[PDB]
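*Asks:* I'd like to ask some things about the structure below.
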Amino acid sequence: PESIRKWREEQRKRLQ
Amino acid sequence: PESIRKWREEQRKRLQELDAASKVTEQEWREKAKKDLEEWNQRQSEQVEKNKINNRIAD
Amino acid sequence: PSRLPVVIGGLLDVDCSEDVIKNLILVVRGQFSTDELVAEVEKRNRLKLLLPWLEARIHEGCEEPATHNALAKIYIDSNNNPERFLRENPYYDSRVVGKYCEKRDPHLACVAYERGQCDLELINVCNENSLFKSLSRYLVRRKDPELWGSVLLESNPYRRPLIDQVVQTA
Amino acid sequence: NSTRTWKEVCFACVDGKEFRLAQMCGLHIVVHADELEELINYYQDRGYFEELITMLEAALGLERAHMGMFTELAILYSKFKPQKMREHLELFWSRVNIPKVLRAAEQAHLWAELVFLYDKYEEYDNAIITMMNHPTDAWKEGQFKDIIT
Amino acid sequence: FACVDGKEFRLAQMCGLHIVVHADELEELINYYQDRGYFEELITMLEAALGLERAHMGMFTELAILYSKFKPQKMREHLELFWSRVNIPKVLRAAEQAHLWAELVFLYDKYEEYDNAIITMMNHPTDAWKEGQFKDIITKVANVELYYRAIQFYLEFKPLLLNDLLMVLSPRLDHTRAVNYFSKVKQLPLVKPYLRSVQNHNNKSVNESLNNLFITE
Amino acid sequence: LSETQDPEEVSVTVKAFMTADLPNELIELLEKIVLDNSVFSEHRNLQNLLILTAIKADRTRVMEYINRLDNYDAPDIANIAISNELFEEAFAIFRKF
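Chains as they are written, first to last, in the numbering used here: chain A, 2 to 17; chain B, -10 to 48; chain C, 61 to 230; chain D, -19 to 129; chain E, 11 to 227; chain F, 9 to 105.
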């Protein structure tokens, strides 16, 4: 499902 | 100071605590261990009767 | 029987049993190629098929790299630790085991290069991804000023870690 | 049973979405380091991370348990399952690529794992910096007294 | 000794530093201090043991034992360093006397005493137990009969993990004795998904048990 | 397995263990691990070193070894079992083939 879409925002949320 | 007293006593009382604390810890581990079986056997019986009724309609 | 490995590759394309091949390898060969049946079975990925014959062949004590390297290769895929067979077998060749053990285990490829004196390949792999302490142990062991000269000229980006290690290994 | 067969049919099996079949059908490909990264690249597009980590857990049982397998396993445990990274890496630290995992761990940069890792590989200087710039999660009074020496 | 008699302790360390370096007089000074009780000065005297050029094993051996008996809040870390230098028997026994189960296991892992590790995990799993450490330590054990008893332990504790552990135990474990144990305590349907991967072996017990399960399905 | 290079390192310690009058479950265990999941998947003098050593124990281990071992010899070891108290094992051997 274009997991990169969820993954970019999830990683940024996690780090922020 | 003759710390032989505290030497033996604090360690022995620490054992007195730890053995029983660990025993009740493994006991709650045990009752939840059987909680798993109590949670699974109900579904085992459910699937048993389910396959039973599904075989009944076959004829 | 020179065409044995070729027709055997064809056979394993037919996908027949292995014990047939195990029995037919023990036939009395004649003129035969040894360092390319390994390349053949590599495609077929059944090198364990070749254990018993080569075991007897080395029991005879043949000093052929074509066999002494294949023994190491199958020892690697055994999931075991063939570091001492690698160090105490003065018959195989360091190059093929190094390139083969490049990605699978550089910790063994560095020892292969160590006894094989493949210093350039050692820096070509161990410098890239390894514990550079083993490198410094080798260079200080294998004291060679030209090696330090080749390494210590500010071309290699990975010089700072190995010096930051050899300060302790010395 | 050639590599070509399993790797060719893995993509059709994943398109067909039979991960049970594709799991066992891909174990003969992961064993080849020259055929692993391609599969992970195919799968990240699918996003079936939860489905392939089981295959990777099965890859440990495979006889050809080589290093790149563990590098990719740790790479995905670093951010998709970060809680598991440290625990899984208690073992294969002597079995896994150091720099690729280091830079790969830079994304999550769970500084405790990086510090412990550098401490294991004797690259103490990097651990000192890491404990210097992110000590809230990655710092210990004990080991920082003697690693510094 | 005079420094003790005068109850001086700033120097008792300093002058005493030049003894413990030696092997024989080490235990003599320990025995001279154990009756005197100044363990706070004893430990801090041996805290400088790291800060030396000729320290030996017995020092850190008896020191980690002291942590096992005087400051168990400090034993894990100090143990974490000199486990390579320290001797095994003098310390493992004294820590067993202290009943510190989270560290005897860790040392048996460090000295790969898996037979001594799993037994201690099983008799004291309140803290020494871990799902993954056990799961990987099991394959390196020598006494294989402990496989069945650990299965007993998990059936008592973690039935879901029995299939997971069975995945790794299947090579170094019987397929028949396993199903016999399950039929003994009657837990055969609990392992129904695994048994589909052993009919290839086609053991008689395995051949007929899964068939009986199919008859109930 | 740390050596796992040649059968001399194997054979010296193996015949030492045999000559060292080691009781049951002492040598067969090493034979088991060195057979199970190892390079030494042969049968060269591995039959009696394991199966006869299993007959020294007189246990169910013979059955798992029967249904597990390959590239072996059926008739002679079946006769060995018949010579010993266990005949069901030779029966199962002839049942296999």
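Quick reminder that beta carbons are idealized off the backbone N, C-alpha and C, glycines included.
Just tell me which of E:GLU87, E:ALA112, E:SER78 and E:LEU91 has its CA closest to the CA of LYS100 (chain E).
*Replies:* Here the question's residue 100 (chain E) lines up with position 90 in the fifth sequence. It is E:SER78.
*Asks:* Using the beta-carbon of each residue, which ones in chain E are nearer than 8 Å to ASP126 (chain D)?
*Replies:* Residue 126 (chain D) sits at position 146 when you count from the first residue of the fourth sequence. Near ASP126 (chain D) (Cβ distances below 8 Å), the residues of chain E are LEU60 and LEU91.
*Asks:* I want to see whether chain C comes within less than 8 Å of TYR101 (chain D), judged by CB atoms only; does it?
*Replies:* Position 121 of the fourth sequence, counted from the start, is the residue given in the question as residue 101 (chain D). Taking Cβ atoms only, chain C reaches closer than 8 Å to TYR101 (chain D), which makes this a yes.
*Asks:* Does the distance from the C-beta atom of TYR124 (chain E) to that of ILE147 (chain E) stay below 8 Å?
*Replies:* For this step, residue 124 (chain E) is matched to residue 114 along the fifth sequence. For this step, residue 147 (chain E) is matched to residue 137 along the fifth sequence. Closer than 8 Å, so yes.
*Asks:* Residues of chain A with CB closer than 7 Å to the CB of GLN63 (chain D), please, in chain order.
*Replies:* Taking the fourth sequence and counting its residues from 1, one reaches residue 63 (chain D) at position 83. Within 7 Å Cβ-Cβ: nothing; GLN63 (chain D) doesn't reach chain A, min ~12 Å.
*Asks:* Terminal residues of the continuous alpha helix (DSSP H) containing residue 52 (chain C)?
*Replies:* Nothing can be reported for residue 52 (chain C), as the shown portion of chain C is limited to 61 through 230.
*Asks:* Just to make sure I have the definition right: I need the residues of chain E whose C-beta is within less than 7 Å of the C-beta of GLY122 (chain D). Which are they?
*Replies:* Stepping through the fourth sequence from its first residue, residue 122 (chain D) is reached at position 142. Per Cβ cutoff of 7 Å: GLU87.
*Asks:* For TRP208 (chain C), count neighbouring C-beta atoms within 10 Å of its own C-beta (all shown protein chains included) and say buried if the count is 16 or more, exposed if not.
*Replies:* Here residue 208 (chain C) corresponds to residue number 148 of the third sequence, with the count starting at 1. Exposed.
*Asks:* Should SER77 (chain C) go down as buried or exposed, given a rule of 16 or more other Cβ atoms within 10 Å for buried?
*Replies:* As a working mapping, residue 77 (chain C) is identified with position 17 in the third sequence. Exposed.
*Asks:* Below 8 Å on the Cβ atoms is my guess for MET49 (chain D) versus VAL10 (chain D); work out the distance and round it to an integer in Å.
*Replies:* On the fourth sequence, residue 49 (chain D) is found 69 positions in, with the first residue counted as 1. On the fourth sequence, residue 10 (chain D) is found 30 positions in, with the first residue counted as 1. Contact flag correct, Cβ pair sits at about 6 Å.
*Asks:* Which whole-angstrom value is the C-beta distance of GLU93 (chain D) and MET65 (chain D), which I expect to be below 8 Å?
*Replies:* Counted from its first residue, the fourth sequence places residue 93 (chain D) at position 113. Counted from its first residue, the fourth sequence places residue 65 (chain D) at position 85. 6 Å between Cβ atoms; contact.
*Asks:* Just the chain A side, please: which residues come within less than 9 Å of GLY(-4) (chain D) by C-beta, in chain order?
*Replies:* Here residue -4 (chain D) is taken as the residue at index 16 of the fourth sequence, counted from 1. What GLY(-4) (chain D) touches in chain A: nothing, since even the nearest Cβ is about 17 Å away.
*Asks:* Pull out every residue of the region -2 to 12 of chain D whose Cβ sits closer than 7 Å to any Cβ of chain A, in chain order.
*Replies:* Residues: none.
*Asks:* According to the neighbour-count rule (16 or more other Cβ atoms, all chains shown, within 10 Å of its Cβ), is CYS161 (chain C) buried or exposed?
*Replies:* Taking the first residue of the third sequence as position 1, residue 161 (chain C) is located at position 101. Per the 10 Å Cβ criterion, buried.
*Asks:* Counting only C-beta atoms, is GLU17 (chain F) closer than 8 Å to chain C at any point?
*Replies:* The sequence position of residue 17 (chain F) within the sixth sequence is 9, counting from 1. Judged by the 8 Å Cβ criterion, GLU17 (chain F) is not in contact with chain C.
*Asks:* Thinking C-beta only, is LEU54 (chain F) closer than 8 Å to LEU43 (chain F)?
*Replies:* The residue labelled residue 43 (chain F) in the question sits at position 35 within the sixth sequence. The residue labelled residue 54 (chain F) in the question sits at position 46 within the sixth sequence. Yes, Cβ-Cβ distance for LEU43 (chain F) and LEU54 (chain F) is below 8 Å.
*Asks:* Could you check whether the Cβ of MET26 (chain F) sits closer than 8 Å to any Cβ belonging to chain E?
*Replies:* Locating residue 26 (chain F) in the sixth sequence gives position 18, where the first residue counts as 1. Not closer than 8 Å to any Cβ of chain E, the Cβ of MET26 (chain F) fails to qualify, so no.
*Asks:* Here's the rule I'm using: 16 or more other beta-carbon atoms within 10 Å means buried, otherwise exposed. How should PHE99 (chain F) be labelled?
*Replies:* Stepping through the sixth sequence from its first residue, residue 99 (chain F) is reached at position 91. By the 10 Å Cβ count, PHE99 (chain F) comes out exposed.
*Asks:* Check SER93 (chain C) in the structure and name its three-state DSSP category.
*Replies:* Numbered from 1 along the third sequence, position 33 holds the residue referred to as residue 93 (chain C). Note: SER93 (chain C) maps to coil in three-state DSSP.
*Asks:* In this structure, how does DSSP classify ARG202 (chain C) when only helix, strand and coil are distinguished?
*Replies:* Position 142 of the third sequence holds residue 202 (chain C). Three-state DSSP puts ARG202 (chain C) in coil, outside helix and strand.
*Asks:* From this set, D:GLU43, D:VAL76, D:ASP25 and D:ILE20, which residue's C-alpha is nearest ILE33 (chain D)'s C-alpha?
*Replies:* Taking the fourth sequence and counting its residues from 1, the one referred to as residue 33 (chain D) is at position 53. Comparing Cα-Cα distances from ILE33 (chain D) to each of D:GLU43, D:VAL76, D:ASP25 and D:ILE20, the minimum goes to D:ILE20.
*Asks:* Considering only residues of the same chain and omitting the five flanking positions on each side of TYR121 (chain E), which have a CB-CB separation below 6 Å?
*Replies:* For this step, residue 121 (chain E) is matched to residue 111 along the fifth sequence. Taken in chain order, the residues that qualify are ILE98.
*Asks:* Quick one: which chain C residues come within Cβ less than 9 Å of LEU9 (chain F)?
*Replies:* Against the sixth sequence, residue 9 (chain F) aligns to sequence position 1. Those within 9 Å of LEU9 (chain F) in chain C are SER138, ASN140 and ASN141.
*Asks:* Mind the definition here: the region 20 to 38 of chain B touches the region 162 to 178 of chain E only if three or more C-beta pairs lie below 8 Å; say whether that holds.
*Replies:* The answer is yes - the region 162 to 178 of chain E touches the region 20 to 38 of chain B, with three or more Cβ pairs under 8 Å.
*Asks:* Give me, in chain order, the residues of the same chain whose beta-carbon lies closer than 8 Å to that of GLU97 (chain F); leave out the 5 immediate sequence neighbours on both sides.
*Replies:* As a first step, residue 97 (chain F) must be located in the sixth sequence, where it is residue number 89. The answer, listed in chain order, is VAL70, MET71, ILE74, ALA86 and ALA89.
*Asks:* If you draw a straight line from the C-alpha of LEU175 (chain E) to the C-alpha of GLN197 (chain E), how long is it?
*Replies:* Reading the fifth sequence from its first residue, position 165 is the one you call residue 175 (chain E). Reading the fifth sequence from its first residue, position 187 is the one you call residue 197 (chain E). Approximately 15 Å, taken between the alpha carbons.
*Asks:* For the alpha helix (DSSP H) that contains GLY16 (chain E), what are its first and last residues?
*Replies:* The count along the fifth sequence starts at 1 and reaches residue 16 (chain E) at position 6. Segment: none, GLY16 (chain E) is in no alpha helix (DSSP H) and carries neither H nor E.
*Asks:* Which same chain residues end up closer than 7 Å to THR94 (chain C) when comparing Cβ atoms and leaving out the 5 residues on each side of it in sequence?
*Replies:* Locating residue 94 (chain C) in the third sequence gives position 34, counting from the first residue. Only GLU124, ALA126 and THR127 meet the Cβ criterion.
*Asks:* If you run the structure through DSSP and keep just helix, strand and coil, what is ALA65 (chain E)?
*Replies:* Against the fifth sequence, residue 65 (chain E) aligns to sequence position 55. Here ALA65 (chain E) sits in coil by DSSP.
*Asks:* Let me know the secondary structure DSSP gives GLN55 (chain F) once reduced to three states.
*Replies:* For the purposes of this step, residue 55 (chain F) is taken as the residue at position 47 of the sixth sequence. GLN55 (chain F): helix per DSSP, three-state reduction.
*Asks:* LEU4 (chain B): buried (16+ other C-beta within 10 angstroms of its C-beta) or exposed?
*Replies:* Counted from its first residue, the second sequence places residue 4 (chain B) at position 15. The residue is exposed, with fewer than 16 neighbouring Cβ atoms inside 10 Å.
*Asks:* Hey, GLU36 (chain F) and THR61 (chain F): beta-carbon distance below 8 Å or not?
*Replies:* Within the sixth sequence, numbered from 1, the residue matching residue 36 (chain F) stands at position 28. Within the sixth sequence, numbered from 1, the residue matching residue 61 (chain F) stands at position 53. The answer is yes: Cβ separation under 8 Å.
*Asks:* Which whole-angstrom value describes the C-beta separation of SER215 (chain E) and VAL189 (chain E), a residue pair presumed to lie in contact below a C-beta threshold of 8 Å?
*Replies:* Numbered from 1 along the fifth sequence, position 205 holds the residue referred to as residue 215 (chain E). Numbered from 1 along the fifth sequence, position 179 holds the residue referred to as residue 189 (chain E). Right, the Cβ-Cβ distance comes to about 5 Å (below 8 Å), so this counts as a contact.
*Asks:* Measuring CB to CB, does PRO142 (chain C) end up less than 8 Å from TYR135 (chain C)?
*Replies:* Here residue 142 (chain C) refers to the residue found at position 82 of the third sequence. Here residue 135 (chain C) refers to the residue found at position 75 of the third sequence. Cβ atoms of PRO142 (chain C) and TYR135 (chain C): closer than 8 Å.
*Asks:* Taking 8 Å as the threshold (beta carbon to beta carbon), is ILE55 (chain D) in contact with chain C?
*Replies:* As a working mapping, residue 55 (chain D) is identified with position 75 in the fourth sequence. Answer no: the Cβ-Cβ gap between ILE55 (chain D) and chain C never drops below 8 Å.
*Asks:* Kindly indicate if chain E contains any beta-carbon less than 8 Å away from that of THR68 (chain F).
*Replies:* As a working note, residue 68 (chain F) is residue 60 in the sixth sequence. Taking Cβ atoms only, chain E reaches closer than 8 Å to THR68 (chain F), which makes this a yes.
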